[PDB]
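Notes follow the structure.
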Amino acid sequence: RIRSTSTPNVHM
Amino acid sequence: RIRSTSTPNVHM
Amino acid sequence: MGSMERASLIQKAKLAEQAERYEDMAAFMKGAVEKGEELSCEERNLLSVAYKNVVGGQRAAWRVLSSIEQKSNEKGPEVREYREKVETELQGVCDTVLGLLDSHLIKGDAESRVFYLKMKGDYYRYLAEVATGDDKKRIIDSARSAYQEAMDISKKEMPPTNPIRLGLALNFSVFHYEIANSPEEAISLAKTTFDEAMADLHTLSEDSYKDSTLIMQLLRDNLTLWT
Amino acid sequence: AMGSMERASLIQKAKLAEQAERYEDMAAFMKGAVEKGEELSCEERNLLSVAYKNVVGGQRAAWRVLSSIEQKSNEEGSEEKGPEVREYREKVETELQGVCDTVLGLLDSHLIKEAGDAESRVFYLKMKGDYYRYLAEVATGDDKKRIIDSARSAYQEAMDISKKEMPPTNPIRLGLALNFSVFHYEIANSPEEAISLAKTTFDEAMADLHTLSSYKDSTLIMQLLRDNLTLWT
Ligand SMILES: *CC(=O)NCC1CCN(S(=O)(=O)c2ccc(I)cc2)CC1
Ligand SMILES: *CC(=O)NCC1CCN(S(=O)(=O)c2ccc(I)cc2)CC1
Ligand SMILES: [Cl-]
Ligand SMILES: [Cl-]
Ligand SMILES: [Mg+2]
Ligand SMILES: [Mg+2]
Ligand SMILES: [Mg+2]
Ligand SMILES: [Mg+2]
Ligand SMILES: [Mg+2]
Ligand SMILES: [Mg+2]
C-alpha cells in the first residue's frame, strides 16, 4: 500500500 | 570550475 | 548555544540549511527559541524545516528496519536491537520538539497559535507511529487533542484557503486515515476542506497562491488514493 | 561498547544501517568489526569504504559550501559580515578532520600491517592516500605541506606494489591510479603528472580489456580517466 501524503517539508 | 572526478562511492 | 547572540544563532541556522546540515540547523533554532522572543514567520520556517528533516530521516530508517524485522519474523536479535536503537533516537527528537512547544512556543496571533498546535499534533503522530499498547492510546489522544484545538482556532480566525489552515487539515486527515483507523472521517475532512478552500480561492492573496494550491493538490491526490 | 560484541553481529548491523541509510552508524559498526583484529573480506572492505566515504563525503560537501560563502563574504569586505560563517566552517572542518583521523588510525593500528595479500594491501594504502588527501583539502600553511607529502607517500607505495603484483585492468589498481591523478591535479598543482598518469593508466588498461569477464567495473573507471583527460586538456 502507498502511504498517505502529508504537508511537504518546504518553506511556506 | 568543475572538479576532477575521483573513484565513485559504490560497491565494487 | 546560550552564549551566542540570538542574531548569530539565526544566521548559523541559515548557513547550516545551505550546507544541508539539518541536525546543526535544529540545534541552532532550539538555541534561538530559548532566548525567549517570539519567532517570525521566516524563523518558524527554519525551525520546522530543520526538525522535520531530522525526524524525517529517522522515520524512513525506522520503516526500513521494521519491515526487515517483520519479514524475518514471518535469524537472530540484531534487527530488533538496532530497530530499538533508532526508535529511541526518534522518540528523543520528538520529545525535544514537544518540550520546546510546551516550555516556550505555545502561548499571540492566530497564525502562530495554529502553527504550533499543528506541530504538537504532528510530533505526537510521529510518536504514535512507533508506539505500542497503552502508551499508544495516550499518545493518539494527545495528537487528536492538539489537532482539534488547532482546527477550532483556524475555523474561527482564518480564511478557508489559508495555507496554514490547509496544511493542518491535510495532516489531520492523514492522522485519521493512518493512525486513528478512521477512513470515513479522513475522506470527509479532506473533501470538505478542498471544497471550502476552492470556494474562497478568489479571495486569497497572491503571495499564498502557490502554497495553497500545492496543499489542495495533495488533498485531491489522497482522496483519489483513499476512494 | 563494541569490544564485547560478536564480530558477526557488528557486520550484520553495518548491513542493516546501510539499508536504512544510516551511514554514521554503519561506520561505527565497521570500526567495531575492524577492532576485533581479524582480516577483512572483500564485502567487509566495501562496507568499511562505503560507510566512511558517505560520512566524509557529506562533510566535504558542507565544508565546500561554507568556504565559498566565507570567501564571498570576505571579498565583499563589509564592516559587519563574516564571523558566523567562519566559526561554523571551522566547526564542520573540525568534525571532518576527526573522521579522517579515525580512518587513518584504523589503517595504521589494524589494517595495513595485517593484510596478507597484495590486493588488500594496495586497497588500504590507497585509502590512506585518500584520507590524507581529504585532510589536505582543508589544511593550510606548513601543516598542508606535511599532509600532502603523507598522501603522496601512501599513493606511491600503493602504485609500486600494484605495478608489480596486479593486472593493469584490476579495479583496485585502476581506482588507485584515478585517485592519484586527482591528487596531482587538484592538490599538488602538478597537471603534467596528472595527465601523464591518467593517459598511461587508460592506455595500459585498454590494451588488456579483451581478457576480462570485471568488465563493467574496469570500464567505468576507464571512462572517468577519459572524462578527466577531456577536462584537463
Ligand atoms: C507565517 C508563518 O507562521 N510561517 C511559518 C510556516 C507556517 C506553515 N507551516 S506548516 O508546516 O503548517 C506548512 C504549511 C504549508 C506548506 I506549502 C508547508 C508547511 C510551516 C511554517
Ligand atoms: C575484493 C575486495 O577487496 N573488494 C573491496 C573493494 C575493492 C575496490 N575498492 S576501491 O575503493 O578501490 C573501488 C574500486 C572501483 C570501484 I567501481 C569502486 C571502489 C572498494 C572496495
Ligand atoms: Cl544496536
Ligand atoms: Cl558554530
Ligand atoms: Mg544574549
Ligand atoms: Mg550581529
Ligand atoms: Mg533577549
Ligand atoms: Mg522501544
Ligand atoms: Mg554592505
Ligand atoms: Mg583549520
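Every number here is computed from the coordinates shown, using simple stated rules; none is lab data. Positions of Cβ are generated from backbone atoms using ideal geometry, with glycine treated the same way; all protein chains shown enter the neighbour counts.
Points to keep in mind about this one:
- Inter-chain neighbour count for C:8-17: the average number of beta-carbon atoms from partner chains within 10 Å of each residue's beta-carbon is 4.
- Peptides C:134-145, D:219-230, ordered by how many other C-beta atoms sit within 10 Å of their residues on average, highest first, read D:219-230, C:134-145.
- The phi torsions of segment C:162-170, fed into the Karplus equation with coefficients 6.51, -1.76 and 1.60 and a -60° offset, translate into couplings of 4, x, 5, 4, 5, x, 4, 4, 3 Hz, rounded to whole numbers, with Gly and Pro shown as x.
- Evaluating kT/(6 pi eta Rh) at 37 °C and 0.692 mPa s, with the Kirkwood radius of the protein assembly as shown over Cα pairs in the Stokes-Einstein relation, gives 127 µm² s⁻¹.
- Cα-centred dipole magnitude for segment D:159-233, charges only on beta-carbon of K, R (+1) and D, E (-1), debye, nearest 20: 160
- Dipole of the protein assembly as shown [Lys/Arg +1, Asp/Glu -1 at C-beta], most positive-end residue of D:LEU48, D:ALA28, C:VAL97: D:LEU48
- Exercise: per-residue mean of other protein chain Cβ atoms within 10 Å, C:182-195: 0
- Net charge of neighbours whose Cβ lies under 12 Å from the Cβ of D:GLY37, counting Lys and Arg as +1 and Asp and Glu as -1: -1
- Using the alpha carbons alone, the radius of gyration of segment D:130-233 stands to its Kirkwood radius in an Rg to Rh ratio of 1.00.
- Segment D:136-195: mean projected area of Cα convex hull, nm²: 4.2
- Helix-only CD estimate at 222 nm, as mean residue ellipticity for chain D, using -39500 (n - 2.57) per DSSP H run (n ≥ 4): -26000 deg cm²/dmol
- Stokes-Einstein D (µm²/s) once Rh is taken as the Kirkwood radius of segment C:78-196 over alpha-carbon pairs, at 20 °C in 1.002 mPa s: 142
- Whole-Hz Karplus values for segment D:98-112 come out as x, 5, 4, 4, 4, 5, 4, x, 5, 5, 6, 7, 10, 8, 5 Hz, taken residue by residue from phi with 6.51 cos²θ - 1.76 cosθ + 1.60 and θ = phi - 60°; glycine and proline positions read x.
- Cα coordinate range in segment D:7-232, projected on the principal axes (Å, largest first): 64, 46, 31
- Here the residues D:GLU90, D:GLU75, ranked from fewest to most Cβ neighbours within 10 Å of their Cβ, fall in the order D:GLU75, D:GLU90.
- Placing +1 on each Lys and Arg Cβ and -1 on each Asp and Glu Cβ, with no other charges, gives the protein assembly as shown a dipole about its Cα centre of roughly 640 debye.
- When all alpha carbon pairs of segment D:1-72 are counted in 10 Å bins from zero, the resulting P(r) reads 21, 43, 20, 12, 4, 0 %.
- Positive-end residue, chain D charge dipole about Cα centroid, Cβ charges, pick of D:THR233, D:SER73, D:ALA118: D:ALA118
- For segment D:59-69, 3J(HN,Hα) per residue [Karplus equation, 6.51 cos²θ - 1.76 cosθ + 1.60, θ = phi - 60°, Hz, x = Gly/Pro]: 5, 4, 4, 5, 4, 4, 4, 5, 4, 4, 4
- Peptides C:189-201, D:167-179 ordered by packing proxy, namely the average of other Cβ atoms within 10 Å per residue, highest first: D:167-179, C:189-201.
- The modelled label-to-label distance for the pair B:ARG3/D:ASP227, using points 7 Å beyond Cα in the direction of Cβ, is 1.3 nm.
- Charge sum, other residues only, whose C-beta stays under 11 Å from D:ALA136's C-beta, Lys/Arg counted +1 and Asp/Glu -1: 0
- What the Kirkwood sum gives for segment D:32-97 is a hydrodynamic radius of 14.3 Å, with every pair of different alpha carbons counted.
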